[PDB]
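As a plain string of letters, each chain reads:
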Amino acid sequence: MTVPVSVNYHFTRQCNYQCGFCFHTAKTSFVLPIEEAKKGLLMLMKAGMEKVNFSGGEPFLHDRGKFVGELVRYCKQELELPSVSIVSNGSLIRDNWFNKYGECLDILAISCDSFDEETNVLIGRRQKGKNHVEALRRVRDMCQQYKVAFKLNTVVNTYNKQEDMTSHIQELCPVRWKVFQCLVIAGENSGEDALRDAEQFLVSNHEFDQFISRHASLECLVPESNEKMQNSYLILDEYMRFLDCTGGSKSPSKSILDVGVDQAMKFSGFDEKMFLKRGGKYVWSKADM
Ligand SMILES: Nc1ccn([C@@H]2O[C@H](COP(=O)(O)OP(=O)(O)OP(=O)(O)O)[C@@H](O)[C@H]2O)c(=O)n1
Ligand SMILES: C[S@@+](CC[C@H](N)C(=O)[O-])C[C@H]1O[C@@H](n2cnc3c(N)ncnc32)[C@H](O)[C@@H]1O
Ligand code: SF4
Ligand code: NA
């Protein structure tokens, strides 16, 4: 039986940005009552979960960041999880949140696809109406101030495929720099009713390889081609259903809240060998960094 050692919980699909290739789109606004989410996290820890990553959607948009804060505190203080992380666009992370919850967060990943603001506009890394300026640098400084490990995520796509990020990554010094090839998921960023159309963003495997090669000097680089990314995550949706990506979509299992972890896991599509090959198990607790 596969142990769900590291699990992503996309607890909301709502987002304030509009990234054109987004593969986890705003198809619903449902969020579990926080006590139900805590019951799911408890049974995941009982099944062997050691790392949880909160995703979405934008995790800091829900309830002004209080929901993700409380889940981080619950997992660290009540479940004693070795690793608690978040992946965020960074735009809504505030100093008061960090002062309250940062001691419980091991790793904060901020997504940054370009250091060129025209490219970010083309991609949709922007809110409609008002906008923020240097959210990335301000969040990076908060991670140093509150002693959280800083991680950066980048999607290689048509509009950054020639970008040399070396000097910027050198300055930011992330502990881990994930570099994803833009990935198509039917019903998310392809398909008749999809909210996004990734076609204009996709790169060839070779263009992905050339972006990786350009940045091979950076020791923090963790590349994930489509092969390494598609099925190598345990992905719980906003109903705490595992999503199986093996068929090219995000096909949900029943909720662990109804059937338990082991039963739902059979329908996760998780490729544990690929999880290990891409570097999914790593030094992820802050005592060890
Ligand atoms: N087919 C896939 C593959 C991945 N993801 C999501 O893409 C994000 C990738 O972010 P990453 O930083 O790689 O997630 P972590 O699990 O925090 O990564 P790691 O533990 O390896 O640092 C995750 O939310 C994951 O669930 C997705 O929606 N669909
Ligand atoms: C859907 S996002 C959710 C968290 C937050 N909204 C953010 O963007 O960081 C999770 C991660 O997946 C990446 N991502 C989104 N769409 C992708 C795609 N089509 N292919 C590869 N990665 C993608 C994001 O950039 C981000 O690092
Ligand atoms: S990838 Fe962009 S649009 Fe998709 S959830 Fe993250 S910030 Fe929102
Ligand atoms: Na969609």
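Residues numbered from 1 in each chain as written, not as in the entry; some residues may be left out. Chains lettered and ligands numbered in written order. Heavy atoms only, no water.

In the PDB header, X-ray crystallography is given as the technique by which the entry was determined, and 1.4200 Å as its resolution.

1. A look at the nonpolar core
Grouped together as the largest cluster of nonpolar side chains are 68 residues, with contacts concentrated most on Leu41, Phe54, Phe98, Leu108 and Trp177. For this core, the leading source of residues is helix α2 (residues 66-78), giving 6 residues. Beyond its immediate chain neighbours, meaning those up to four positions away, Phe54 contacts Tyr9, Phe11, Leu41, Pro59, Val68, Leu71, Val72, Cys75, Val84, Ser85, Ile86 and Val87. (Core = buried A, V, L, I, M, F, W, Y, C linked by side-chain atoms within 4.5 Å. Buried < 20%, exposed > 50% of the residue type's maximum accessible area, 1.4 Å probe, protein only. Helix = DSSP H or I, 4+ residues; strand = E, 2+ residues; numbered from the N terminus. Contact = heavy atoms within 4.5 Å.)

2. Considerations on α2
Under the 1.5 Å per step criterion, the end-to-end length of α2 is 17 Å for 13 residues, consistent within 8% with the ideal 18 Å. For α2, the complete set of buried residues consists of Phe67, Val68, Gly69, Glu70, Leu71, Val72, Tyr74, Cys75 and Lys76. Turning to α2, the residues buried within the fold contact β1 (6-10), α1 (34-46), β2 (51-55), β3 (83-88) and α3 (95-101). Directly beyond the C-terminal end of α2, a positive phi value near 55° is found at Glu80. (Expected span 1.5 Å × (residues − 1).)

3. Some remarks on the site of ligand 2
Taken together, 21 residues sit near ligand 2, with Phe21, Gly57, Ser111, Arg125 and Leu183 positioned nearest. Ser88 places a main-chain nitrogen or oxygen 3.3 Å from an oxygen atom of ligand 2. In isolation ligand 2 has 540 Å² of accessible area, and contact with the protein removes 95% of it. At the level of elements, β3, β5 (149-156) and β6 (176-181) are the ones that each hand at least two residues to the shell around ligand 2. Residues belonging to the shell around ligand 2 are distributed by class as follows: 9 nonpolar, 10 polar and 2 charged. (Near = heavy atom within 4 Å. Polar contact = N/O pair within 3.5 Å; in protein donor to acceptor, adjacent residues only side chain to side chain. Areas by Shrake-Rupley, 256 points an atom, 1.4 Å probe, with all protein chains shown as cover. Nonpolar A, V, L, I, M, F, W, Y, C, P; charged D, E, K, R; others polar.)

4. Some thoughts on the packing of aromatic side chains
For the coordinates displayed, the defined rule picks out 12 aromatic pairs. Geometrically, the ring pair formed by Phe60 and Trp97 is edge-to-face, given 4.8 Å between the ring centres and 65° between the ring planes. You can see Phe60 sitting in the loop between β2 and α2 and its partner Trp97 sitting in helix α3, a full 37 residues away along the chain. The exposure class of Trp97 is buried, given its relative accessible area of 7%. What links up through ring pairs into an aromatic cluster is the set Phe60, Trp97, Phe98, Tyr101 and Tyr146. Taking NZ or CZ as reference, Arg176 lies 3.5 Å from the ring centre of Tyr282, over its face. (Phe/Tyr/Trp six-rings, centres within 6.5 Å; stacked < 30°, edge-to-face > 60°. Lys NZ or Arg CZ within 6 Å of the ring centre and 35° of its normal.)

5. Points about the UniProt feature "binding site: [4Fe-4S] cluster" (unreviewed entry) in the protein
Those places that UniProt annotates as "binding site: [4Fe-4S] cluster" (unreviewed entry) correspond, in this numbering, to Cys15, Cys19 and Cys22. Along the chain, the position of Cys19 falls in the loop between β1 and α1. Among all residues touching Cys19, those that are not within four sequence positions of it are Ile123, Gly124, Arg125 and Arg196. Among all residues touching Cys22, those that are not within four sequence positions of it are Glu188, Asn189 and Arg196. (UniProt positions renumbered as here; feature names shortened; annotations may be inferred.)

6. Some details on the packing of α1 against α2
Running from N to C, α1 and α2 point in directions that differ by 35°, and their axes come no closer than 11 Å. Considering how the two elements wind past one another, α1 and α2 form a crossing that is right-handed. Residue-level inspection shows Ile34, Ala37, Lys38, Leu41 and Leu42 of α1 in contact with α2, the latter providing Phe67, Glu70, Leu71, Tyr74 and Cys75. Residue composition of the contact of α1 with α2, grouped by class: 8 nonpolar, no polar and 2 charged. (Axes fitted to C-alpha atoms, helices over the stretch in contact; angles between N-to-C directions. Left-handed = near helix turned anticlockwise from the far one by under 90°.)

7. So, the environment of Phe23
Tracing the backbone shows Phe23 in the loop between β1 and α1. Judged by relative accessible area, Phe23 falls into the partly exposed class, the value being 27%. Separated by 63 residues in sequence, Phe23 and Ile86 place their C-alpha atoms 17 Å apart. Once residues within four sequence positions are removed from consideration, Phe23 is found in contact with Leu183, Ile185, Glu188, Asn189, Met229 and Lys250.

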